[PDB]
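Only one chain is given next, in structure tokens, and it is the form deposited without the ligand.
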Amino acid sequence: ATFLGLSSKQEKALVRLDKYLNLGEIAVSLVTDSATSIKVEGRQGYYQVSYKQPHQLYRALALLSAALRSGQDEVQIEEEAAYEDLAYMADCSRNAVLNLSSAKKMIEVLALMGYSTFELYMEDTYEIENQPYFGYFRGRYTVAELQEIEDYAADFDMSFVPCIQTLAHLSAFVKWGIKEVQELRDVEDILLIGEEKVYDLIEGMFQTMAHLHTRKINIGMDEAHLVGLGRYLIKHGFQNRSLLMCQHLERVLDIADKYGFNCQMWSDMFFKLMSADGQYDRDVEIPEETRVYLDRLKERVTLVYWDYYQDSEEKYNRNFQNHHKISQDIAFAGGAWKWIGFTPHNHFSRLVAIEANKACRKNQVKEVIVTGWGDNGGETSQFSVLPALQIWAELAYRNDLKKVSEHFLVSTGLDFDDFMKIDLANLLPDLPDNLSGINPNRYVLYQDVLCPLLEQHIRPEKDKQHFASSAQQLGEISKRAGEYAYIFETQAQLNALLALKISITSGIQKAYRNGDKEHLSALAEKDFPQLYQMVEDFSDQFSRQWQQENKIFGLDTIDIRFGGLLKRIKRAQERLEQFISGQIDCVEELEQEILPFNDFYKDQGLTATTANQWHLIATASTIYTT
């Protein structure tokens, strides 16, 4: 293609995106018109493109590419985005730290989808002068690495916004038994409000980020549940904790002002500290003294309402109404579900996005942040939720999903419906589709064999057959997934592994109860070696995926988890062999009645459940406690 009206900056960006766009022998004219977010119009080899915000050039060009690729000659496209800013936030604090090559790839894809902003969530995973323990052995980013990521986003006229922590969610830092670290603590994962050494630390954080061009930052402050109740209480006695939050907020904003920064924060603590049962989804009455303090501070910070779960527009609406009693400046954070094990939930992400979009439009939201959390070890691929990201982009620009396939093809090179099958290890038959967090991908994998804590939540025949069928389907998809084949290979192997693991685990329970030693012997001699090899092979494929996407640091926890499971499979074989041979008269583990693991979904009546903490899936014994 040839172009009129490009800058040298835009030429350079187009060279990098040519591999996605492949525009052919056409002529494209960029015009100045800023009437709508995007316009594309033409026929017979001549097309005119215009954009409102500079970054919007790259979605406009993706739309042209997609129309032409679909076989259209006449093109007439006009879009008006509902949101001034649309961001993706990757988690870099849950053990997986995105490597530079992968950040750059993500940035390119986001540019084509239409996102204005790339964000990284960093609790302790950046360097601070004279803080050697902050990020120690975690793969913390150097200033030079943050600048390289920022600058690459800036080449596409995209913003960069660090998401850090200035109160809680600092467990990886506060664990160090060094007096200069321990003096910074209140309780659990929370820093000590009012301690000058804590404000020294926080100013260090801003000194690091001041080396960037960006002056927009998310300062955190979510989920500080016991704030004011630890060393704070021992030093100062019991205080008004809503006021305490405001005091700390104002200290942090004054530091931010010194370095020229404008701030956003997670909103949940205001609601939790002022509601009678301590919950977020609550209409709260605010004490006048707190009212007055907040009213002053809401001029100087943007509150972010985060919600990844509700299935209806009105449920979001109630929360926006609650928030608007405090401030007009409310941003929204939705969820691209990739924090429930090894397998994402793009389907569920789609369901809630449709409803959250409706609410955000009804409540005049200017900014939406799509979050990509990695809870409890970062086990899901960094690229697992591309479909959910295209979904939010389509909702933001068109208010519908009618073109999601057409456009996705340009962003990834593969079919949207194929890619959605990445979810299969969570899509059990008959599950009601409005229930969140149902993650058998993870808990079927990590549960023990001798003492299977999740067994009452498994339908042995029904679920096994689903996993086996899903393995088949993913094997064929990976053949046509191109640069993404590796992530589909990972899911194909996981599904095959889960099928065999159910077959063996459930077979043992049945055979032991019936006294069928012949069956137990068949399992021990043939099926156990097969399961063990399939686990080792899965560990190898997963390490492949991890090292493609992430820094090496953090892989160590997954090695511990997989190594433990392997040693437990060997134990199960050994115990059964001793029972079959008569060396022991019973297997006490197999004589225990298995109970429901939890009752979270008892009253929705279903068999599967949510279980998302490895150390609680893997054993009923103590493991981290004294």
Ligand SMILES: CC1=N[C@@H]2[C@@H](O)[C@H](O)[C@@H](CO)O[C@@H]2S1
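Basically, rigid core = biggest C-alpha set you can superpose within 1.5 Å across the two forms. So that there is no doubt, residue numbering starts at 1 and follows the sequence shown.
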Query raised in the report: So which moves more in 4 other deposited structures of this protein by CA, 559-567 or 66-74, given a superposition on the core?
Result: 66-74
Report task. Between 15-23 and 612-620, report the one with more C-alpha displacement in 4 other deposited structures of this protein relative to this form after a rigid core superposition. Result -> 15-23
Query raised in the report: In at least one third of the other PDB entries compared, is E79 left unmodelled?
Result: no
Query raised in the report: Can you tell me whether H457 lacks a model in a third or more of the other compared entries?
Result: no
Report task. Averaging the C-alpha B factors as listed in the entry, name the stretch that ends up higher: 218-226 or 510-518. Result -> 510-518
Report summary line: Comparing mean C-alpha B factor in the record for 314-322 and 342-350, the higher one is 314-322
Query raised in the report: Which one of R43, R568, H55, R561 shows the top CA temperature factor in the record?
Result: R43
Query - Candidate set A67, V28, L595, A60 [ranked by C-alpha B-factor, highest] - result: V28
Report task. Please place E74 in the lowest, middle or highest third of its chain by C-alpha B factor as given in the entry. Result -> highest
Query - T626 - which third its CA temperature factor falls in, relative to the rest of the chain - result: middle
Report task. Select lowest, middle or highest to describe the third in which the CA B-factor of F160 falls within its chain in this entry. Result -> middle
Report task. Can you work out whether the C-alpha temperature factor of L431 puts it in the lowest, middle or highest third of the chain? Result -> highest
Query raised in the report: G377's Cα B-factor: lowest, middle or highest third of the chain?
Result: lowest
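Absent from the display: the form solved in complex with the ligand. The rest refers to it.
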Requested in this report: May I ask you to check whether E223 falls inside a 4.5 Å heavy atom distance of the ligand in the deposited complex?
Outcome: yes
Query raised in the report: Looking in the deposited complex, any heavy atom of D415 within 4.5 Å of the ligand?
Result: no
Query raised in the report: Even though the ligand is not shown here, does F542 get within 4.5 Å of it in the deposited complex, heavy atoms only?
Result: no
Requested in this report: Would you please decide whether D375 lies within 4.5 angstroms of the ligand in the deposited complex, comparing each non-hydrogen atom pair?
Outcome: yes
Query raised in the report: Quick one: of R138, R94, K298, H323, which gets a non-hydrogen atom within 4.5 angstroms of the ligand in the deposited complex?
Result: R94
Report summary line: Only hit among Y293, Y484, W306, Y133 for heavy atom within 4.5 Å of the ligand in the deposited complex is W306
Query raised in the report: Just one stretch in 491-499, 441-449, 237-245, 367-375 has heavy atoms within 4.5 Å of the ligand in the deposited complex, so which one is it?
Result: 367-375
**Report entry** Partner contacts for 50-86, taking the ligand in the deposited complex and a 4.5 Å heavy atom cut-off
**Finding:** none
